[PDB]
Structures are given as C-alpha cells and as structure tokens.
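Peer 1: Structure file data_8.txt, compact mmCIF, N, CA, C and O atoms, is pasted below:
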# COMPACT_ATOMS: atom_id res chain seq x y z
N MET A 1 9.25 -73.66 -47.29
CA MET A 1 7.97 -72.96 -47.57
C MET A 1 6.85 -73.98 -47.74
O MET A 1 7.10 -75.13 -48.11
N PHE A 2 5.61 -73.57 -47.46
CA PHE A 2 4.46 -74.44 -47.68
C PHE A 2 4.05 -74.37 -49.15
O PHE A 2 3.35 -75.24 -49.65
N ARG A 3 4.49 -73.32 -49.82
CA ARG A 3 4.24 -73.14 -51.24
C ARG A 3 5.45 -73.62 -52.04
O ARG A 3 6.59 -73.28 -51.71
N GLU A 4 5.20 -74.41 -53.07
CA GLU A 4 6.25 -74.90 -53.94
C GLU A 4 6.91 -73.74 -54.68
O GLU A 4 6.24 -72.77 -55.04
N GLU A 5 8.21 -73.83 -54.89
CA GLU A 5 8.93 -72.80 -55.61
C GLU A 5 8.75 -72.99 -57.11
O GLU A 5 9.06 -74.05 -57.65
N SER A 6 8.27 -71.95 -57.78
CA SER A 6 8.07 -71.99 -59.23
C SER A 6 9.42 -71.90 -59.95
O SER A 6 9.50 -72.08 -61.17
N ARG A 7 10.47 -71.60 -59.18
CA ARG A 7 11.82 -71.44 -59.71
C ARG A 7 11.92 -70.25 -60.66
O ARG A 7 12.81 -70.18 -61.49
N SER A 8 11.00 -69.30 -60.49
CA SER A 8 11.03 -68.07 -61.25
C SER A 8 12.24 -67.23 -60.83
O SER A 8 12.20 -66.51 -59.83
N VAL A 9 13.33 -67.38 -61.56
CA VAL A 9 14.57 -66.70 -61.25
C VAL A 9 14.89 -65.63 -62.29
O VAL A 9 14.39 -65.68 -63.41
N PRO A 10 15.70 -64.64 -61.90
CA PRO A 10 16.11 -63.56 -62.80
C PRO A 10 16.99 -64.04 -63.95
O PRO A 10 16.81 -63.63 -65.10
N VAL A 11 17.95 -64.91 -63.63
CA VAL A 11 18.95 -65.31 -64.60
C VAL A 11 19.03 -66.83 -64.76
O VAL A 11 18.82 -67.58 -63.80
N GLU A 12 19.34 -67.26 -65.97
CA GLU A 12 19.57 -68.66 -66.28
C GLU A 12 20.97 -68.84 -66.85
O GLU A 12 21.67 -67.87 -67.13
N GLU A 13 21.38 -70.10 -67.01
CA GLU A 13 22.69 -70.42 -67.55
C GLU A 13 22.81 -70.00 -69.01
O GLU A 13 21.98 -70.37 -69.84
N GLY A 14 23.82 -69.20 -69.31
CA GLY A 14 24.12 -68.84 -70.68
C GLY A 14 23.54 -67.50 -71.10
O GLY A 14 23.36 -67.25 -72.29
N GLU A 15 23.26 -66.63 -70.14
CA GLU A 15 22.65 -65.34 -70.46
C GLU A 15 23.68 -64.22 -70.35
O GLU A 15 24.80 -64.43 -69.90
N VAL A 16 23.29 -63.02 -70.78
CA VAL A 16 24.18 -61.87 -70.73
C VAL A 16 23.40 -60.61 -70.35
O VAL A 16 22.36 -60.31 -70.93
N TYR A 17 23.90 -59.88 -69.35
CA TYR A 17 23.23 -58.68 -68.87
C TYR A 17 24.21 -57.54 -68.67
O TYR A 17 25.35 -57.75 -68.25
N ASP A 18 23.77 -56.32 -68.99
CA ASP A 18 24.55 -55.12 -68.74
C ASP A 18 24.37 -54.70 -67.29
O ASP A 18 23.41 -54.01 -66.94
N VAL A 19 25.28 -55.14 -66.43
CA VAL A 19 25.14 -54.91 -65.00
C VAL A 19 26.19 -53.94 -64.49
O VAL A 19 27.23 -53.73 -65.12
N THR A 20 25.90 -53.35 -63.35
CA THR A 20 26.85 -52.52 -62.65
C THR A 20 27.24 -53.21 -61.35
O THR A 20 26.38 -53.61 -60.57
N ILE A 21 28.54 -53.40 -61.14
CA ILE A 21 29.02 -54.06 -59.94
C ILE A 21 28.80 -53.17 -58.73
O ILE A 21 29.55 -52.23 -58.49
N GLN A 22 27.75 -53.47 -57.98
CA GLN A 22 27.36 -52.64 -56.84
C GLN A 22 28.19 -52.97 -55.61
O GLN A 22 28.50 -52.09 -54.80
N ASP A 23 28.54 -54.24 -55.45
CA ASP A 23 29.31 -54.66 -54.29
C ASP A 23 30.39 -55.65 -54.71
O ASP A 23 30.40 -56.11 -55.84
N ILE A 24 31.30 -55.98 -53.80
CA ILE A 24 32.38 -56.91 -54.08
C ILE A 24 32.70 -57.72 -52.84
O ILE A 24 32.83 -57.17 -51.74
N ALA A 25 32.79 -59.03 -53.01
CA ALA A 25 33.18 -59.91 -51.93
C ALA A 25 34.70 -59.95 -51.82
O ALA A 25 35.39 -59.88 -52.84
N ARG A 26 35.21 -60.04 -50.60
CA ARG A 26 36.64 -59.94 -50.35
C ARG A 26 37.41 -61.09 -50.98
O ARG A 26 37.59 -62.16 -50.39
N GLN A 27 37.88 -60.83 -52.20
CA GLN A 27 38.59 -61.79 -53.04
C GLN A 27 38.65 -61.25 -54.46
O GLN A 27 39.57 -61.55 -55.22
N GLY A 28 37.66 -60.43 -54.79
CA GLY A 28 37.61 -59.81 -56.10
C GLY A 28 36.36 -60.18 -56.86
O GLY A 28 36.22 -59.85 -58.04
N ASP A 29 35.44 -60.85 -56.19
CA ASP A 29 34.19 -61.27 -56.81
C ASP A 29 33.18 -60.13 -56.78
O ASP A 29 32.75 -59.70 -55.70
N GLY A 30 32.82 -59.64 -57.95
CA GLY A 30 31.83 -58.60 -58.04
C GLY A 30 30.45 -59.12 -57.73
O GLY A 30 30.00 -60.09 -58.32
N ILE A 31 29.78 -58.47 -56.79
CA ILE A 31 28.46 -58.89 -56.37
C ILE A 31 27.39 -58.12 -57.13
O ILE A 31 27.19 -56.91 -56.92
N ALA A 32 26.73 -58.82 -58.04
CA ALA A 32 25.59 -58.28 -58.75
C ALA A 32 24.31 -58.82 -58.11
O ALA A 32 23.89 -59.94 -58.39
N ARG A 33 23.74 -58.03 -57.22
CA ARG A 33 22.56 -58.45 -56.48
C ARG A 33 21.28 -58.00 -57.17
O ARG A 33 20.80 -56.88 -56.96
N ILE A 34 20.72 -58.88 -57.99
CA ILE A 34 19.48 -58.58 -58.69
C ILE A 34 18.29 -59.00 -57.85
O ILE A 34 18.05 -60.18 -57.63
N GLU A 35 17.58 -57.99 -57.35
CA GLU A 35 16.43 -58.19 -56.46
C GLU A 35 16.80 -58.96 -55.19
O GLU A 35 15.93 -59.40 -54.45
N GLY A 36 18.09 -59.11 -54.95
CA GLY A 36 18.54 -59.84 -53.78
C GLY A 36 19.31 -61.09 -54.15
O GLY A 36 20.05 -61.63 -53.33
N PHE A 37 19.14 -61.57 -55.38
CA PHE A 37 19.87 -62.73 -55.85
C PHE A 37 21.32 -62.35 -56.12
O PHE A 37 21.60 -61.41 -56.86
N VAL A 38 22.25 -63.08 -55.51
CA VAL A 38 23.66 -62.73 -55.58
C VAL A 38 24.36 -63.46 -56.73
O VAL A 38 24.50 -64.69 -56.72
N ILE A 39 24.78 -62.69 -57.71
CA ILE A 39 25.58 -63.21 -58.82
C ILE A 39 27.03 -62.80 -58.62
O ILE A 39 27.33 -61.62 -58.42
N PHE A 40 27.93 -63.78 -58.66
CA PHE A 40 29.35 -63.51 -58.47
C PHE A 40 30.06 -63.35 -59.81
O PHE A 40 30.02 -64.24 -60.66
N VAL A 41 30.68 -62.20 -60.00
CA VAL A 41 31.46 -61.93 -61.19
C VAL A 41 32.91 -61.63 -60.80
O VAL A 41 33.26 -60.48 -60.53
N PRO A 42 33.75 -62.67 -60.72
CA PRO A 42 35.13 -62.54 -60.25
C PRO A 42 35.99 -61.71 -61.19
O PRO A 42 36.04 -61.96 -62.40
N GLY A 43 36.65 -60.70 -60.64
CA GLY A 43 37.55 -59.88 -61.42
C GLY A 43 36.90 -58.60 -61.90
O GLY A 43 37.07 -58.20 -63.06
N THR A 44 36.16 -57.95 -61.02
CA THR A 44 35.50 -56.69 -61.36
C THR A 44 35.82 -55.61 -60.33
O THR A 44 36.67 -55.80 -59.45
N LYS A 45 35.14 -54.47 -60.44
CA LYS A 45 35.39 -53.33 -59.57
C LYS A 45 34.08 -52.66 -59.17
O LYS A 45 33.09 -52.75 -59.90
N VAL A 46 34.07 -52.01 -58.01
CA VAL A 46 32.88 -51.31 -57.53
C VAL A 46 32.50 -50.18 -58.48
O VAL A 46 33.28 -49.24 -58.69
N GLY A 47 31.32 -50.27 -59.06
CA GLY A 47 30.85 -49.25 -59.98
C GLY A 47 31.15 -49.59 -61.42
O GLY A 47 30.86 -48.81 -62.33
N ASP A 48 31.74 -50.76 -61.64
CA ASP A 48 32.11 -51.19 -62.99
C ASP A 48 30.87 -51.66 -63.75
O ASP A 48 30.19 -52.60 -63.33
N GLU A 49 30.58 -51.00 -64.86
CA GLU A 49 29.42 -51.33 -65.69
C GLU A 49 29.84 -52.19 -66.88
O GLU A 49 30.48 -51.71 -67.82
N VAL A 50 29.48 -53.47 -66.85
CA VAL A 50 29.93 -54.41 -67.87
C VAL A 50 28.83 -55.38 -68.28
O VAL A 50 27.85 -55.57 -67.56
N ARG A 51 29.01 -55.98 -69.45
CA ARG A 51 28.14 -57.06 -69.88
C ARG A 51 28.67 -58.37 -69.33
O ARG A 51 29.74 -58.84 -69.72
N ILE A 52 27.93 -58.93 -68.40
CA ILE A 52 28.34 -60.19 -67.80
C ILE A 52 27.62 -61.35 -68.45
O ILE A 52 26.40 -61.31 -68.66
N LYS A 53 28.38 -62.36 -68.80
CA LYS A 53 27.82 -63.59 -69.32
C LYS A 53 27.61 -64.55 -68.17
O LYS A 53 28.57 -65.09 -67.63
N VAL A 54 26.36 -64.72 -67.76
CA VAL A 54 26.04 -65.66 -66.70
C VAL A 54 26.24 -67.06 -67.23
O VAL A 54 25.39 -67.61 -67.93
N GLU A 55 27.40 -67.62 -66.92
CA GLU A 55 27.80 -68.92 -67.42
C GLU A 55 26.89 -70.00 -66.87
O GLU A 55 26.36 -70.82 -67.63
N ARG A 56 26.68 -69.97 -65.56
CA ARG A 56 25.87 -70.99 -64.89
C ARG A 56 25.21 -70.41 -63.66
O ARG A 56 25.63 -69.37 -63.14
N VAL A 57 24.17 -71.09 -63.18
CA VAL A 57 23.46 -70.66 -61.99
C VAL A 57 23.33 -71.81 -60.99
O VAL A 57 23.05 -72.95 -61.37
N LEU A 58 23.58 -71.51 -59.73
CA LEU A 58 23.42 -72.47 -58.66
C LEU A 58 22.24 -72.03 -57.79
O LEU A 58 21.89 -70.85 -57.78
N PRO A 59 21.63 -72.96 -57.05
CA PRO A 59 20.44 -72.68 -56.23
C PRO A 59 20.64 -71.56 -55.20
O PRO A 59 19.68 -71.02 -54.67
N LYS A 60 21.90 -71.23 -54.92
CA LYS A 60 22.19 -70.22 -53.91
C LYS A 60 22.90 -69.00 -54.49
O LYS A 60 22.91 -67.94 -53.87
N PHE A 61 23.47 -69.13 -55.68
CA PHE A 61 24.26 -68.06 -56.29
C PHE A 61 24.59 -68.38 -57.74
O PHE A 61 24.52 -69.53 -58.15
N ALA A 62 24.95 -67.37 -58.51
CA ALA A 62 25.25 -67.56 -59.93
C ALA A 62 26.68 -67.15 -60.25
O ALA A 62 27.28 -66.35 -59.53
N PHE A 63 27.22 -67.71 -61.33
CA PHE A 63 28.55 -67.36 -61.80
C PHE A 63 28.47 -66.67 -63.16
O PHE A 63 27.75 -67.12 -64.05
N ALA A 64 29.20 -65.58 -63.31
CA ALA A 64 29.23 -64.85 -64.57
C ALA A 64 30.61 -64.25 -64.80
O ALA A 64 31.36 -64.00 -63.85
N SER A 65 30.95 -64.03 -66.06
CA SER A 65 32.22 -63.43 -66.42
C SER A 65 32.00 -62.25 -67.35
O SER A 65 30.98 -62.15 -68.02
N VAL A 66 32.97 -61.34 -67.38
CA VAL A 66 32.86 -60.13 -68.18
C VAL A 66 33.28 -60.39 -69.62
O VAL A 66 34.41 -60.79 -69.88
N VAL A 67 32.37 -60.17 -70.55
CA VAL A 67 32.67 -60.36 -71.97
C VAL A 67 32.85 -59.02 -72.67
O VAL A 67 32.83 -58.93 -73.89
N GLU A 68 33.03 -57.99 -71.85
CA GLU A 68 33.24 -56.62 -72.30
C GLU A 68 32.13 -56.18 -73.25
O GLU A 68 32.37 -56.09 -74.47
Using structure tokens, write down the structure that the file contains.
Peer 2:
Amino acid sequence: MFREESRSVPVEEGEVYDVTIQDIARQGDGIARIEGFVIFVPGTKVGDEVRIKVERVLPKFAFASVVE
C-alpha cells in the first residue's frame, strides 16, 4: 500500500471474546473471521459459541483457545 498501516487490528495478544465458530478449516481449526481477519481456534465446532482467549496474533492470522 502507499499508505502506512496503522496496525488497527480487532484483536491483540492476551484477549478474550465471546465468538461463534462460523467456519472450520479441515483439521479442526475453528475459523473466527472478524471483519475478514481469520482467527484460528483449534478444537471447535461449526456454530459453537465460546469465549476464546486470543493467546497470540500473527500478521496473517491469530491463535486462540476455548476457556469455556
């Protein structure tokens, strides 16, 4: 981009959100796509509504786990 990225992202490392697993990648990774940003929550189900702890975030995708 010609414009610098402000890095204004939805999620940061160490956060928790009440998300619904809308999609799943073939392996068991729940895809929480917030505005298009793909957060992987391994070990979930389609339609599963859980509090995910976003452990860490990468420039292309985020990792989170279910803390019930």
Peer 1: Determine which residues of chain A receive a DSSP assignment of strand (DSSP E), computed from the backbone, and state them as a ChimeraX atom specification.
Peer 2: /A:15-20,23-25,29-34,37-42,49-57,62-66
Peer 1: To one decimal place, how far is CA of residue 47 (chain A) from CA of residue 59 (chain A) in Å?
Peer 2: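 Calculated distance between CA of residue 47 (chain A) and CA of residue 59 (chain A) is 25.9 Å.
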Peer 1: One decimal, Å: what's the distance from CA of residue 46 (chain A) over to CA of residue 19 (chain A), could you say?
Peer 2: 11.3 Å
Peer 1: What's the separation between atom N of residue 50 (chain A) and atom N of residue 22 (chain A), in Å to one decimal place?
Peer 2: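 The value is 9.0 Å.
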Peer 1: Quick one: residues within 9 Å of residue 61 (chain A), only C-alpha atoms, excluding same-chain residues fewer than 2 positions away - as a list in words?
Peer 2: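 Here the answer would be residues 37, 38, 39, 40, 57, 58, 59 and 63 of chain A.
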Peer 1: What lies within 7 Å of residue 17 (chain A) using only C-alpha atoms, ignoring chain neighbours under 5 positions off, as a list in words?
Peer 2: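 My reading of the contact set: residues 51, 52 and 53 of chain A.
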Peer 1: With N, CA, C and O atoms retained, write the just-selected residues as a compact mmCIF listing (two decimals), in the frame of the given file.
Peer 2:
# COMPACT_ATOMS: atom_id res chain seq x y z
N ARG A 51 29.01 -55.98 -69.45
CA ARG A 51 28.14 -57.06 -69.88
C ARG A 51 28.67 -58.37 -69.33
O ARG A 51 29.74 -58.84 -69.72
N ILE A 52 27.93 -58.93 -68.40
CA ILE A 52 28.34 -60.19 -67.80
C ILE A 52 27.62 -61.35 -68.45
O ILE A 52 26.40 -61.31 -68.66
N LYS A 53 28.38 -62.36 -68.80
CA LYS A 53 27.82 -63.59 -69.32
C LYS A 53 27.61 -64.55 -68.17
O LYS A 53 28.57 -65.09 -67.63
Peer 1: Pick from A:41, A:25, A:54, A:31: nearest to residue 13 (chain A), with only N, CA, C and O atoms counted?
Peer 2: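 Under the stated criterion, the closest residue is A:54.
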Peer 1: For residue 34 (chain A), find every residue with an atom within 8 Å (counting all atoms listed in the file), except residues of its own chain fewer than 6 positions away, and show them as a compact mmCIF listing (two decimals) with N, CA, C and O atoms, in the coordinates of the input.
Peer 2:
# COMPACT_ATOMS: atom_id res chain seq x y z
N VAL A 9 13.33 -67.38 -61.56
CA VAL A 9 14.57 -66.70 -61.25
C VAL A 9 14.89 -65.63 -62.29
O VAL A 9 14.39 -65.68 -63.41
N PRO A 10 15.70 -64.64 -61.90
CA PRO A 10 16.11 -63.56 -62.80
C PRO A 10 16.99 -64.04 -63.95
O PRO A 10 16.81 -63.63 -65.10
N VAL A 11 17.95 -64.91 -63.63
CA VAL A 11 18.95 -65.31 -64.60
C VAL A 11 19.03 -66.83 -64.76
O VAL A 11 18.82 -67.58 -63.80
Peer 1: With all atoms listed in the file as the atoms that count, which of A:65, A:44, A:56, A:2 lies nearest to residue 23 (chain A)?
Peer 2: A:44
